[PDB]
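Below: one structure, written as structure tokens.
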Amino acid sequence: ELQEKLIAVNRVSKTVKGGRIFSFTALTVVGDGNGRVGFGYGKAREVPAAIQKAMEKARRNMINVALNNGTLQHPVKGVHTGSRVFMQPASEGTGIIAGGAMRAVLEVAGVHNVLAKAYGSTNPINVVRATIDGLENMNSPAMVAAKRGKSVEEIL
Amino acid sequence: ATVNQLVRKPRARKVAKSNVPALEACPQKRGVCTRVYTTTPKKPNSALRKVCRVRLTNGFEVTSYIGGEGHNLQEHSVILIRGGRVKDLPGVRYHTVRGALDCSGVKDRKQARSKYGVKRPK
Amino acid sequence: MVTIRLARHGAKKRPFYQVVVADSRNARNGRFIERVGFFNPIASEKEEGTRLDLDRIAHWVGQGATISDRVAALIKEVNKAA
Amino acid sequence: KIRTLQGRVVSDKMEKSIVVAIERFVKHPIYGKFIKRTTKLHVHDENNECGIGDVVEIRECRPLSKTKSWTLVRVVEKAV
Amino acid sequence: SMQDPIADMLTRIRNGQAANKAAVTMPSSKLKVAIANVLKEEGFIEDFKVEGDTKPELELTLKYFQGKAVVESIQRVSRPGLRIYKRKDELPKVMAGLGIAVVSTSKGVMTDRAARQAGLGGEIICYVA
Amino acid sequence: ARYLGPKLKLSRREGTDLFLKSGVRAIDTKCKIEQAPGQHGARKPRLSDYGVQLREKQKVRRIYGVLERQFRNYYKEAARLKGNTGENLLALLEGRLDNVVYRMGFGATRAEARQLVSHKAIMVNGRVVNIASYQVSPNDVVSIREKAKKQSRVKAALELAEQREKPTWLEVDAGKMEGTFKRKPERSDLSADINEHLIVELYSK
RNA sequence: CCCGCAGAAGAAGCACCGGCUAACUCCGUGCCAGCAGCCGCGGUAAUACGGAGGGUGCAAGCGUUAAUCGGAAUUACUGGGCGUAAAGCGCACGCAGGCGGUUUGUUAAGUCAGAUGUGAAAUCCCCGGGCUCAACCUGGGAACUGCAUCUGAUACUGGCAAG
RNA sequence: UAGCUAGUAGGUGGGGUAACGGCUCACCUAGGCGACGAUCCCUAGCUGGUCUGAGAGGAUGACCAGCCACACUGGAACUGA
Ligand SMILES: [Mg+2]
Ligand SMILES: [Mg+2]
Ligand SMILES: [Mg+2]
Ligand SMILES: [Mg+2]
Ligand SMILES: [Mg+2]
Ligand SMILES: [Mg+2]
Ligand SMILES: [Mg+2]
Ligand SMILES: [Mg+2]
Ligand SMILES: [Mg+2]
Ligand SMILES: [Mg+2]
Ligand SMILES: [Mg+2]
Ligand SMILES: [Mg+2]
Ligand SMILES: [Mg+2]
Ligand SMILES: [Mg+2]
Ligand SMILES: [Mg+2]
Ligand SMILES: [Mg+2]
Ligand SMILES: [Mg+2]
Ligand SMILES: [Mg+2]
Ligand SMILES: [Mg+2]
Ligand SMILES: [Mg+2]
Ligand SMILES: [Mg+2]
Ligand SMILES: [Mg+2]
Ligand SMILES: [Mg+2]
Ligand SMILES: [Mg+2]
Ligand SMILES: [Mg+2]
Ligand SMILES: [Mg+2]
Ligand SMILES: [Mg+2]
Ligand SMILES: [Mg+2]
Ligand SMILES: [Mg+2]
Ligand SMILES: [Mg+2]
Ligand SMILES: [Mg+2]
Ligand SMILES: [Mg+2]
């Protein structure tokens with residue numbers, strides 16, 4: 001029912017004639033726990049405002065994910081520029097074995113049993129982007145059946 | 001990278017040298033204070049840091065920090081040294097152990113006594 | 001020669017003997033040809049405690065293997081019980 | 001049926017004796033590539049029947065010299 | 001030099017799918033034809049057609065479903081620089097069993113599932129997802 | 001090997017009532033249960049992920065009275081055992097003999113129950129068991145021995161237990177002062193406030 | 001191991017509390033004295049030094065030092081890279097080596113399948129059993145991914161013969 | 001560290017061993033090993049295992065068990081299955 005959680009809040013600076021201008025960026029992630037997950041990156045002069053902006057962004061532009069019984073559909077890799085991510089379905093009771101950002105994104109998405117690792121850069125925004133991309137691309141057996149022109153029973 | 005290349009010449013493990021080689025993979029070692037002096041810290045710090053250049057039982061001539069406020073050390077003072085650098089004395093890689101052979105425990109300490117060789121007050 | 005004897009195993013004050021075929025020269029718990037049973041002298045009631053593979057023992061004896069006195073006693077006990 | 005190995009005759013100079021490479025096409029422990037490995041063997045051959053480059057079948061036997069514990073059983077592909 | 005024709009074929013298929021080409025043509029071989037046949041059976045391509053006598057050309061008709069390519073990924077596995085052979089217990093499951101793995105067995109080129117059913121391993125040619 | 005300090009102090013730190021007092025008198029009357037212990041209690045800093053996990057683990061440990069090495073062993077055993085790890089851990093903790101004695105009601109607190117067990121008041125299957133960590137098994141009768149059967153503390157404890165919520169996984173006879181541990185409780189059977197998942201994550205960092 | 005006796009009686013410390021990292025205040029000092037795993041702290045309002053109060057974590061132990069693996073995809077077989085971050089020989093020729101278009105036959109070396117033999121016991125793991133519990137001991141299994149031999153399959157790779 | 005080796009490599013015949021064998025000796029042949037690392041240098045007892053790691057690996061070889069070598073240092077044989 002739209003569970004949301006803020007991964008990282010980071011202070012960034014701009015320089016002007018006067019001096020430095022600080023502002024805050026908030027990376028949040030929302031999801032319905034049934035497949036839908038979406039991340040948002042808001043910027044404002046103060047943290048709460050930034051978070052609100054991020055939340056609105058995340059709530060819009062969500063994406064559907066094919067989940068098989070609260071777990072992944074197959075082992076999937078994902079990249080986004082520096083962040084290359086691996087995530088593998090695991091037996092019921094394994095829990096989310098996943099990094100920071102990754103854990104958040106998976107949890108809001110609704111995966112209950114995963115084995116993840118973040119290779120490459122572990123920059124939260126890029127890592128979240130990578131995970132969402134991987135989750136999105138991951139197809140289900142009904143999808144493969146549709147593509148190949150067979151029944152799901154012939155493929156298994 | 002090419003499998004042939006690897007077969008020809010395999011991958012070298014990165015041999016990491018130790019940062020405390022006078023210990024020689026010993027947890028502590030005994031030595032005699034050749035010389036006891038104070039020295040200036042690095043560029044974000046000001047102090048007169050107490051240090052002793054010590055000849056170890058195994059031949060090495062190292063430099064060792066002397067932690068705690070005040071010490072009863074001088075030349076020909078048998079001490080135990082341990083691992084640990086003073087980040088801000090350049091080239092000092094070893095601490096003296098307060099509360100060992102010639103080295104006394106710190107006077108009037110009530111906290112971290114185990115670290116400074118001080119017995120429990122009444 | 002080859003002999004059939006107890007090898008002491010377990011804990012202090014709680015011995016458990018493994019019945020082993022072994023060249024007599026070898027140390028008690030050392031090199032052995034075949035392990036042909038066990039014996040548990042502190043075994044409680046409602047526990048087996050002894051078990052000798054009698055066929056193997058017979059085979060080794062036929063081959064010409066001597067038997068420890070304790071092992072002989074164990075064999076006798078097994079025969080009576082069975 | 002007896003255990004026997006085939007190999008190309010790397011040399012045949014020492015009298016009554018030949019050297020027989022027994023190349024085996026093993027897989028590399030780590031990298032998984034298949035590497036050609038070689039096994040030189042001093043083989044006894046009475047009558048000096050073997051030539052160089054000759055394929056030859058050999059069996060193991062009681063040691064006949066310091067280095068020579070194999071005997072030839074039959075020559076094959078003995079062309080020049 | 002051309003050193004891997006199967007690899008070339010796989011690459012051609014991948015590039016055709018990328019570029020939305022209807023068909024992809026290449027010099028025909030018996031191994032290539034067998035691989036193609038397996039692909040058709042599993043439904044990753046629409047059709048294949050060998051044409052010519054002296055130097056025959058294989059023409060594969062590629063498969064699309066919703067504007068996008070059916071063969072999502074297609075990688076060579078065994079290759080001349082590094083051959084890969086697996087035993088029946090070691091046969092890989094591509095994309096957790098959704099994709100197929102073309103395996104060259106003693107009883108002809110077949111998918112991994114078929115090979116497993118038969119009970120024999122072989123040269124793992126490629127994964128297809 | 002035991003915590004010998006203030007108990008309401010522990011409860012205040014956790015937030016909940018850990019049942020470290022008999023429950024005759026309300027915890028709100030015995031202490032400022034809402035405010036955390038010490039000079040800086042009137043402040044709730046925002047707790048990290050690690051912090052929340054640690055707090056939950058501490059809560060559970062305090063509830064049962066298990067020190068860390070033993071608790072860790074319990075977790076490992078649970079992980080090894082088949083099924084859900086947190087659930088297994090909870091089951092093992094429940095299985096402990098002091099805990100069962102407390103549940104039956106032969107002690108107002110677990111501290112009291114532990115004292116009785118140590119002092120040899122409790123027989124498991126007609127055999128005096130002395131170890132508080134003793135895992136009780138299903139179908140195990142656990143009884144007060146007669147010398148401790150005259151204890152006024154035991155009878156008072158029984159009365160308090162009667163007030164408390166009775167466990168489904170035990171069957172206890174107040175006159176005989178004997179209870180049969182019929183089965184190890186299920187997670188739906190144990191309390192919902194415990195978030196075993198946090199503990200599992202913490203010991204699987 | 002059991003029974004009895006007396007009486008809370010004989011029995012709690014160690015580290016830490018700026019971030020990483022659970023836990024904050026006051027006083028003292030004033031770039032000094034000192035701290036420090038990293039980043040850093042102290043130049044007169046120090047949650048970072050030293051004492052105190054309060055708290056956090058372990059507990060008959062607790063810290064420090066040394067050492068190994070992990071994290072470290074930071075030697076990358078699994079599993080990296082080389083325009084500008086470290087990295088394309090200044091350019092070629094060419095022996096060894098590595099790789100080899102396409103068809104048929106043959107072989108069966110690689111490869112694959114089945115069996116047989118072995119892979120000591122202990123150890124690891126699974127279900128049990130015995131010490132009041134645990135550690136510990138222990139019964140039976142599983143495993144020991146290997147190696148060898150024999151019998152097959154022949155798609156692919158290798159050899160041989162013709163194209 | 002790129003060349004090393006004259007009992008060196010092989011043969012015939014004697015001797016020797018409980019036993020095959022340059023083990024040894026006489027003669028004959030001129031071989032043999034080596035870039036799939038000979039030779040030379042440094043370090044090291046080996047294994048079941050142990051620690052770590054998801055695994056592949058990495059490190060390691062106290063305790064327990066199998067094998068080996070040594071017994072103040074350097075040689076030698078005798079007795080004996
Ligand atoms: Mg170096
Ligand atoms: Mg400074
Ligand atoms: Mg203890
Ligand atoms: Mg904190
Ligand atoms: Mg300190
Ligand atoms: Mg002042
Ligand atoms: Mg002040
Ligand atoms: Mg600090
Ligand atoms: Mg302080
Ligand atoms: Mg690594
Ligand atoms: Mg790199
Ligand atoms: Mg450059
Ligand atoms: Mg160039
Ligand atoms: Mg070819
Ligand atoms: Mg070739
Ligand atoms: Mg074969
Ligand atoms: Mg074994
Ligand atoms: Mg038991
Ligand atoms: Mg062939
Ligand atoms: Mg062929
Ligand atoms: Mg002779
Ligand atoms: Mg003779
Ligand atoms: Mg040595
Ligand atoms: Mg040695
Ligand atoms: Mg790893
Ligand atoms: Mg020793
Ligand atoms: Mg000797
Ligand atoms: Mg001697
Ligand atoms: Mg001596
Ligand atoms: Mg001598
Ligand atoms: Mg004799
Ligand atoms: Mg003699």
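Naming scheme: A, B, ... for chains in displayed order of the structure tokens; residues 1 onward per chain; ligands 1 onward as shown.
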So which residues are near ligand 10, meaning at most 12 Å away with only C-alpha atoms (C1' of nucleotides) and all ligand atoms counted, given back as a ChimeraX atom specification?
-> /B:11-14 /G:69-76,78-80 /H:53,56-58
When the cut-off is 10 Å and you count only C-alpha atoms (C1' of nucleotides) and all ligand atoms, which residues lie near ligand 13, shown as a PyMOL selection string?
-> chain G and resi 88-91
Taking C-alpha atoms (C1' of nucleotides) for each residue, export the selection above as a PDB file, in the first residue's frame.
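Okay, this is what ended up in out.pdb:
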ATOM      1  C1'   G G  88      48.744  -1.088 -27.316  1.00  0.00           C
ATOM      2  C1'   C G  89      55.726  -3.032 -28.363  1.00  0.00           C
ATOM      3  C1'   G G  90      57.796   2.963 -32.915  1.00  0.00           C
ATOM      4  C1'   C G  91      56.743  -0.452 -37.231  1.00  0.00           C
TER       5        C G  91
END
Check which residues fall inside 9 Å of ligand 21 when counting only C-alpha atoms (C1' of nucleotides) and all ligand atoms, and print them as a ChimeraX atom specification.
-> /H:13-15,21-22
Quick one: write out the picked residues with N, CA and C atoms (P, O5', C5', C4', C3', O3' and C1' of nucleotides) as a PDB file, in the first residue's frame?
ATOM      1  P     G H  13      75.093 -60.910 -22.777  1.00  0.00           P
ATOM      2  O5'   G H  13      76.428 -61.154 -21.949  1.00  0.00           O
ATOM      3  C5'   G H  13      77.461 -61.975 -22.464  1.00  0.00           C
ATOM      4  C4'   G H  13      78.766 -61.744 -21.749  1.00  0.00           C
ATOM      5  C3'   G H  13      78.726 -61.953 -20.252  1.00  0.00           C
ATOM      6  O3'   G H  13      78.760 -63.316 -19.890  1.00  0.00           O
ATOM      7  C1'   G H  13      79.855 -59.955 -20.709  1.00  0.00           C
ATOM      8  P     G H  14      78.166 -63.771 -18.478  1.00  0.00           P
ATOM      9  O5'   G H  14      79.125 -63.083 -17.422  1.00  0.00           O
ATOM     10  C5'   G H  14      79.968 -63.891 -16.631  1.00  0.00           C
ATOM     11  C4'   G H  14      81.067 -63.110 -15.971  1.00  0.00           C
ATOM     12  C3'   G H  14      80.865 -62.862 -14.499  1.00  0.00           C
ATOM     13  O3'   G H  14      81.097 -64.006 -13.710  1.00  0.00           O
ATOM     14  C1'   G H  14      81.620 -60.894 -15.510  1.00  0.00           C
ATOM     15  P     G H  15      79.988 -64.470 -12.657  1.00  0.00           P
ATOM     16  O5'   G H  15      80.117 -63.373 -11.520  1.00  0.00           O
ATOM     17  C5'   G H  15      81.327 -63.262 -10.798  1.00  0.00           C
ATOM     18  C4'   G H  15      81.441 -61.952 -10.070  1.00  0.00           C
ATOM     19  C3'   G H  15      80.411 -61.667  -8.998  1.00  0.00           C
ATOM     20  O3'   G H  15      80.686 -62.330  -7.785  1.00  0.00           O
ATOM     21  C1'   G H  15      80.673 -59.759 -10.327  1.00  0.00           C
ATOM     22  P     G H  21      68.512 -57.119 -14.304  1.00  0.00           P
ATOM     23  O5'   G H  21      68.886 -55.614 -14.004  1.00  0.00           O
ATOM     24  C5'   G H  21      68.359 -54.580 -14.812  1.00  0.00           C
ATOM     25  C4'   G H  21      68.569 -53.237 -14.179  1.00  0.00           C
ATOM     26  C3'   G H  21      70.006 -52.816 -14.033  1.00  0.00           C
ATOM     27  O3'   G H  21      70.567 -52.429 -15.266  1.00  0.00           O
ATOM     28  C1'   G H  21      68.856 -52.324 -12.059  1.00  0.00           C
ATOM     29  P     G H  22      72.094 -52.767 -15.578  1.00  0.00           P
ATOM     30  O5'   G H  22      72.876 -51.775 -14.625  1.00  0.00           O
ATOM     31  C5'   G H  22      72.822 -50.382 -14.873  1.00  0.00           C
ATOM     32  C4'   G H  22      73.466 -49.580 -13.780  1.00  0.00           C
ATOM     33  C3'   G H  22      73.255 -48.077 -13.902  1.00  0.00           C
ATOM     34  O3'   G H  22      73.238 -47.472 -12.612  1.00  0.00           O
ATOM     35  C1'   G H  22      75.546 -48.552 -13.993  1.00  0.00           C
TER      36        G H  22
END
Would you please give, as a PyMOL selection string, all residues of range 49-94 of chain B that DSSP assigns to strand (DSSP E) based on the backbone?
-> chain B and resi 49-56+61-65+78-83+94
Now that the selection is made, can you save its residues with C-alpha atoms as a PDB file, in the first residue's frame?
ATOM      1  CA  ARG B  49      55.672  13.838  21.576  1.00  0.00           C
ATOM      2  CA  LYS B  50      57.693  11.486  23.771  1.00  0.00           C
ATOM      3  CA  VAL B  51      59.565   8.767  21.876  1.00  0.00           C
ATOM      4  CA  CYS B  52      62.509   6.448  22.412  1.00  0.00           C
ATOM      5  CA  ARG B  53      64.798   4.892  19.841  1.00  0.00           C
ATOM      6  CA  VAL B  54      65.183   1.291  21.014  1.00  0.00           C
ATOM      7  CA  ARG B  55      67.449  -1.635  20.068  1.00  0.00           C
ATOM      8  CA  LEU B  56      65.357  -4.817  20.094  1.00  0.00           C
ATOM      9  CA  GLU B  61      66.805  -0.334  15.844  1.00  0.00           C
ATOM     10  CA  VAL B  62      63.282   1.085  15.821  1.00  0.00           C
ATOM     11  CA  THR B  63      61.574   4.167  17.209  1.00  0.00           C
ATOM     12  CA  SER B  64      58.769   3.718  19.711  1.00  0.00           C
ATOM     13  CA  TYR B  65      56.122   6.060  21.057  1.00  0.00           C
ATOM     14  CA  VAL B  78      64.334  -2.293  29.316  1.00  0.00           C
ATOM     15  CA  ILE B  79      60.880  -2.012  27.747  1.00  0.00           C
ATOM     16  CA  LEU B  80      58.336  -4.039  25.804  1.00  0.00           C
ATOM     17  CA  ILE B  81      57.163  -2.676  22.468  1.00  0.00           C
ATOM     18  CA  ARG B  82      53.915  -3.400  20.650  1.00  0.00           C
ATOM     19  CA  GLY B  83      52.394  -2.621  17.280  1.00  0.00           C
ATOM     20  CA  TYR B  94      55.581   0.963  17.528  1.00  0.00           C
TER      21      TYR B  94
END
Would you list the residues that come within 8 Å of ligand 12? Count only C-alpha atoms (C1' of nucleotides) and all ligand atoms and give the answer as a list in words.
-> residues 84, 85, 86 and 87 of chain G
Dump as a PDB file, in the first residue's frame, selection limited to N, CA, C and O atoms (P, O5', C5', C4', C3', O3' and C1' of nucleotides):
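In the end it all went to part16.pdb:
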ATOM      1  P     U G  84      45.314   6.904 -23.155  1.00  0.00           P
ATOM      2  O5'   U G  84      44.580   8.242 -22.759  1.00  0.00           O
ATOM      3  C5'   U G  84      45.206   9.492 -22.960  1.00  0.00           C
ATOM      4  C4'   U G  84      44.415  10.586 -22.308  1.00  0.00           C
ATOM      5  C3'   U G  84      44.149  10.416 -20.827  1.00  0.00           C
ATOM      6  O3'   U G  84      45.210  10.897 -20.022  1.00  0.00           O
ATOM      7  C1'   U G  84      42.141  10.919 -21.921  1.00  0.00           C
ATOM      8  P     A G  85      46.221   9.920 -19.269  1.00  0.00           P
ATOM      9  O5'   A G  85      45.544   9.738 -17.855  1.00  0.00           O
ATOM     10  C5'   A G  85      44.451   8.858 -17.709  1.00  0.00           C
ATOM     11  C4'   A G  85      44.081   8.692 -16.268  1.00  0.00           C
ATOM     12  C3'   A G  85      44.789   7.556 -15.562  1.00  0.00           C
ATOM     13  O3'   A G  85      46.029   8.001 -15.048  1.00  0.00           O
ATOM     14  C1'   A G  85      42.468   7.642 -15.001  1.00  0.00           C
ATOM     15  P     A G  86      47.418   7.596 -15.731  1.00  0.00           P
ATOM     16  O5'   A G  86      47.765   6.195 -15.098  1.00  0.00           O
ATOM     17  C5'   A G  86      49.096   5.897 -14.724  1.00  0.00           C
ATOM     18  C4'   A G  86      49.328   4.419 -14.791  1.00  0.00           C
ATOM     19  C3'   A G  86      49.036   3.826 -16.144  1.00  0.00           C
ATOM     20  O3'   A G  86      50.185   3.990 -16.949  1.00  0.00           O
ATOM     21  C1'   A G  86      48.006   2.531 -14.462  1.00  0.00           C
ATOM     22  P     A G  87      50.105   4.504 -18.456  1.00  0.00           P
ATOM     23  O5'   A G  87      49.955   3.155 -19.261  1.00  0.00           O
ATOM     24  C5'   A G  87      50.848   2.087 -19.007  1.00  0.00           C
ATOM     25  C4'   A G  87      50.237   0.785 -19.419  1.00  0.00           C
ATOM     26  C3'   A G  87      49.597   0.801 -20.791  1.00  0.00           C
ATOM     27  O3'   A G  87      50.538   0.407 -21.769  1.00  0.00           O
ATOM     28  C1'   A G  87      48.073  -0.059 -19.194  1.00  0.00           C
TER      29        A G  87
END
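Using only C-alpha atoms (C1' of nucleotides) and all ligand atoms, we find that the residues with an atom at most 12 Å from any atom of ligand 32 are residues 18, 77, 78, 79, 80 and 81 of chain H.
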Which residues, written as a VMD selection string, have at least one atom at most 12 Å from range 8-24 of chain D, with only C-alpha atoms (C1' of nucleotides) counted and residues fewer than 5 positions away on the same chain left out?
-> (chain D and resid 34 to 59 64 to 65 67 to 72 75 to 79) or (chain G and resid 109 to 110 158) or (chain H and resid 9 to 12 28 to 32 36)
May I have the residues within 10 Å of range 48-57 of chain C as number ranges by chain, using only C-alpha atoms (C1' of nucleotides) and disregarding those fewer than 4 positions away in the same chain?
-> C: 4, 16-21, 34-44, 61-63, 65, 67, 71, 74-75, 77-79; G: 129-130, 139
Set the cut-off to 12 Å, count only C-alpha atoms (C1' of nucleotides) and all ligand atoms, and list whatever residues fall near ligand 8 as number ranges by chain.
-> G: 16-21, 35-37, 39-41, 46-49
Could you state the separation of CA of residue 109 in chain A and CA of residue 55 in chain A in Å, given to one decimal place?
->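 If I compute the distance from CA of residue 109 in chain A to CA of residue 55 in chain A, I get 15.0 Å.
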Pull out every residue of chain A that has at least one atom within 12 Å of chain F, counting only C-alpha atoms, and report them as a CSV table (one decimal) with N, CA and C atoms, in the first residue's frame.
chain,number,residue,atom,x,y,z
A,7,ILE,N,16.5,6.3,1.0
A,7,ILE,CA,17.8,5.6,1.1
A,7,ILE,C,18.9,6.5,1.6
A,91,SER,N,15.6,-19.5,-1.7
A,91,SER,CA,14.6,-20.3,-1.0
A,91,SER,C,13.8,-19.5,0.0
A,92,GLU,N,12.5,-19.8,0.2
A,92,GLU,CA,11.7,-19.2,1.2
A,92,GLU,C,12.3,-19.3,2.6
A,93,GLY,N,12.4,-18.1,3.2
A,93,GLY,CA,13.1,-18.0,4.5
A,93,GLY,C,14.5,-17.5,4.5
A,94,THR,N,15.0,-17.3,3.3
A,94,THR,CA,16.4,-16.7,3.2
A,94,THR,C,16.4,-15.3,3.6
A,95,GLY,N,15.3,-14.5,3.4
A,95,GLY,CA,15.4,-13.1,3.7
A,95,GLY,C,16.1,-12.3,2.6
A,96,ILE,N,16.0,-11.0,2.7
A,96,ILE,CA,16.7,-10.2,1.7
A,96,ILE,C,18.2,-10.1,2.1
A,97,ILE,N,19.1,-10.7,1.4
A,97,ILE,CA,20.5,-10.6,1.6
A,97,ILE,C,21.0,-9.6,0.6
A,98,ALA,N,21.0,-8.4,0.9
A,98,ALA,CA,21.2,-7.3,0.0
A,98,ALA,C,21.8,-6.1,0.7
A,99,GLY,N,22.5,-5.3,0.0
A,99,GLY,CA,23.3,-4.2,0.5
A,99,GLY,C,22.5,-3.1,1.2
A,100,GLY,N,22.9,-1.9,1.2
A,100,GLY,CA,22.0,-0.9,1.6
A,100,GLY,C,20.9,-0.5,0.7
A,103,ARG,N,18.9,-3.2,-0.6
A,103,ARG,CA,17.9,-3.8,0.3
A,103,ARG,C,16.6,-3.0,0.3
A,104,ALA,N,16.8,-1.7,0.4
A,104,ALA,CA,15.6,-0.8,0.4
A,104,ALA,C,14.8,-1.0,-0.8
A,112,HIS,N,10.7,-10.9,-1.0
A,112,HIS,CA,11.0,-11.3,0.3
A,112,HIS,C,12.2,-12.2,0.5
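Residues of protein or nucleic acid lying within 12 Å of ligand 20, counting only C-alpha atoms (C1' of nucleotides) and all ligand atoms, are residues 103, 104, 105, 106, 107, 108, 109, 154, 155, 156, 157, 158, 159, 160 and 161 of chain G.
Every protein, DNA or RNA residue with an atom at most 9 Å from range 45-50 of chain H, where only C-alpha atoms (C1' of nucleotides) count and chain neighbours fewer than 5 positions away do not, is listed here: residues 120, 122 and 123 of chain G; 60, 61, 65, 66, 67, 68 and 69 of chain H.
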Quick one: pick out all helix (DSSP H, G or I) residues within chain F from a backbone DSSP run and write them as a PyMOL selection string.
-> chain F and resi 7-14+27-30+49-64+68-80+85-95+97-104+110-118+146-149+152-163+196-202
Counting only C-alpha atoms (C1' of nucleotides), collect the residues of chain C whose closest atom lies at most 9 Å from chain H, and write them out as a ChimeraX atom specification.
-> /C:29-31
With N, CA and C atoms retained, write the just-selected residues as a tab-separated table (two decimals), in the first residue's frame.
chain	number	residue	atom	x	y	z
C	29	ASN	N	46.17	-47.19	19.49
C	29	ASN	CA	45.27	-46.41	18.67
C	29	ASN	C	45.79	-46.14	17.27
C	30	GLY	N	46.93	-46.70	16.90
C	30	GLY	CA	47.49	-46.47	15.59
C	30	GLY	C	46.95	-47.36	14.50
C	31	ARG	N	47.78	-47.52	13.47
C	31	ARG	CA	47.48	-48.25	12.25
C	31	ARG	C	46.75	-49.55	12.53
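Here CA of residue 40 in chain B is placed at a distance of 7.3 Å from CA of residue 89 in chain B.
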Would you mind listing the residues within 8 Å of ligand 4, counting only C-alpha atoms (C1' of nucleotides) and all ligand atoms, as a PyMOL selection string?
-> (chain F and resi 47-48+51) or (chain G and resi 21-23)
